[PDB]
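Residue numbers (PDB author numbering), protein chains in the order written: chain Q, 5 to 58; chain V, 7 to 73. A virtual CB, placed ideally from N, CA and C, is assigned to each residue, including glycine. Okay, structure first, notes after.
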Amino acid sequence: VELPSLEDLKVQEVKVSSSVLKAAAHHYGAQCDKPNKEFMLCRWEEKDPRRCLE
Amino acid sequence: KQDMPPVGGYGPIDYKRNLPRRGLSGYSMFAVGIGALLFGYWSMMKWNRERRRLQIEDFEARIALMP
């Protein structure tokens, strides 16, 4: 099979601790709502997270 | 002439046998038992249901993140 390159990696990972990540944790997803549910259809409905990387 | 038997001063002590210090008998008991027992159940549903409210709150933070 095939795998995408070392490019489209090394993007800005949110380097925070787990407690400060669970600190807000409630106002975070409650107002963004545009890429996440689309990303869920990109993962739940369609499998193979290799067409699903963007 | 110096013998014993005194002129007076006697009791006696009893040969009696009694100490009926009762004691809250006769349907007064089983009454403090049942009401305090349901009082403990009355203390429930204000804590378990309250912790159940926090239990959905705990699972809320898991579902909000993880996309």
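Cross-chain neighbours of residue i in chain Q, by beta carbon under 8 angstroms
| i | result |
| --- | --- |
| V/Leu60 | Residues of chain Q passing the Cβ test: none, with the nearest at roughly 13 angstroms. |
| V/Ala70 | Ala29, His30, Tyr32, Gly33 and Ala34 |
Beta-carbon neighbours of residue i, restricted to chain Q and to distances below 7 angstroms
| i | result |
| --- | --- |
| V/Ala42 | Near V/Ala42 there are no residues of chain Q at all, since even the closest Cβ is about 41 angstroms away, more than 7 angstroms. |
Chain V residues whose Cβ lies nearer than 7 angstroms to that of residue i
| i | result |
| --- | --- |
| Q/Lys26 | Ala67 |
Residue span of the alpha helix (DSSP H) that contains residue i, given as start and end
| i | result |
| --- | --- |
| Q/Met44 | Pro39 to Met44 |
| V/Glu63 | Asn54 to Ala70 |
| V/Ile40 | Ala37 to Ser49 |
Minimum C-alpha distance to residue i - residue among the options
| i | options | result |
| --- | --- | --- |
| V/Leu71 | Q/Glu11, Q/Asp37 and Q/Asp12 | Q/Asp37 |
Inset, instruction - Would you be able to state if there are at least three C-beta pairs under 8 angstroms between the region 42-61 of chain V and the region 6-13 of chain Q? - result: The region 6-13 of chain Q, when compared against the region 42-61 of chain V, does not touch it at the 8 angstroms Cβ threshold.
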